[PDB]
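Take a look at this single chain in C-alpha cells; it is the form deposited in one PDB entry.
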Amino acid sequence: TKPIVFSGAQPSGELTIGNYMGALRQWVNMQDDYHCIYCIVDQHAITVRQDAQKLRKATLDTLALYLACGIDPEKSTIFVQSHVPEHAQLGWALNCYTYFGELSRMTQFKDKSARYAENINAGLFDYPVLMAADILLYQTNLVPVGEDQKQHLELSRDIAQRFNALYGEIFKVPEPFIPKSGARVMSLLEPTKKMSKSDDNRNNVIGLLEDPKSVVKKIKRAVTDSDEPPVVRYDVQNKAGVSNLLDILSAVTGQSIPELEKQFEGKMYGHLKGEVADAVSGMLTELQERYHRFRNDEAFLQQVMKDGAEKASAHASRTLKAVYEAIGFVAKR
C-alpha cells in the first residue's frame, strides 16, 4: 500500500491563488505517487459564522474547484468532512490528549479571535484538535499545507506521539509537505500580510474564481517598492511586493527565482507584472472553464461526495475502533 496523503480546505471565503500554490497544487501533483485523501472541512469552516446558504453553496463550489484543479476522484478520495462522523468522534477523544496551553498559544486562534471579537467560540479554540483528528483518522503520512498551518500540523504530531506512547502504534506520525514556492502568498496591497480568502479588501486577493480581467488589474496595482532604479530581485524584507510577485510567477510557470531574476535583468516592474498577469490570467481562464463543467453537474458532484465518504469511512472507522479499544470504551455492537 502507498503512503497516505491527507489535506483539507474550508468551504468558506473564496479560495485564492494562495490556497492553490500552498496546497491544492501539491494535492494535484501527489495523486499517483501517494494514496491521497482530500477533504472539504465544513465543520472547520463554521468556527467563523457562516450564512447557511453561502456555506452549502461554498461546499459545492470547493468540491468543483478541487475537480477543476485536477483532483481526480478515480485516483483520490474526495469527501465532505461532516459526512464522516468519525472526525467529530476522534476529535472529542483527542481533546482529552491535548492541553489547554497548546491551544491558547495557536497563532490562528489569536488572529481569528482579533478579527471576530464578537464570536470567539469554543470551536475556534478547539480548531487544532478537530484538525489532528482529520489527519490521524487516515494513518496519514504526508499533509500538504501552506506555511500558516505548520503550527497546527506540529500539534497533530505531538498528539499522535502522546497517544501512541500510552497505547501503542495507533496513529502514524504525520509529516508536513510544504512547498518551496508559494507556501505563503502575500496580499497584493499589503505584502507583509498573508493573502486571505476572506479579505475585506478584495484588491488584496487573486481569487481562483475571479474574473481574469479583474485579476490582471489587481496585479498591475500590486505594491512594489521605491528602488531607484527599479530592479526585479527577490528580497522579502526590502522588496516584499516584488518578491511576492516573483513567487507567484515562479509557482505558476515552474521557473526558478534565479531564472526569473535573469529573465528580468534590465527590466522593471512593468515586465514583471505583465508576465505575472499573463501567467495567472491563463491559469485562471483554463481553471474556470473546467470548473463550470464540474460545478453545474450536480449528479457528478453527488456521486463524488457519496463514493468519497464511503472510502473515507472505511479508513476512519478502522482507526476510530482502534482508538476506542485503546482508551477502554466498550466496543459498539
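Each residue number is its position in the shown sequence, starting from 1. Here the rigid core means the biggest group of C-alpha atoms that line up within 1.5 Å when the two forms are laid on top of each other.
The following text describes the form deposited in another entry, which does not appear among the structures shown.
In a core superposition between this form and the one not shown, the Cα of 203 is the only one among 161, 203, 95, 151 shifting by 2 Å or more.
Superposition on the rigid core between this form and the one not shown places the CA atom of residue 75 less than 2 Å from its counterpart.
After superposing the rigid core, the Cα of residue 43 is displaced by less than 2 Å between this form and the one not shown.
Core-superposed comparison between this form and the one not shown: the CA of residue 122 stays below a 2 Å shift.
Put simply, residue 116 and residue 99 come closer in the other form: their C-alpha atoms are 3 Å or more nearer than in the form shown.
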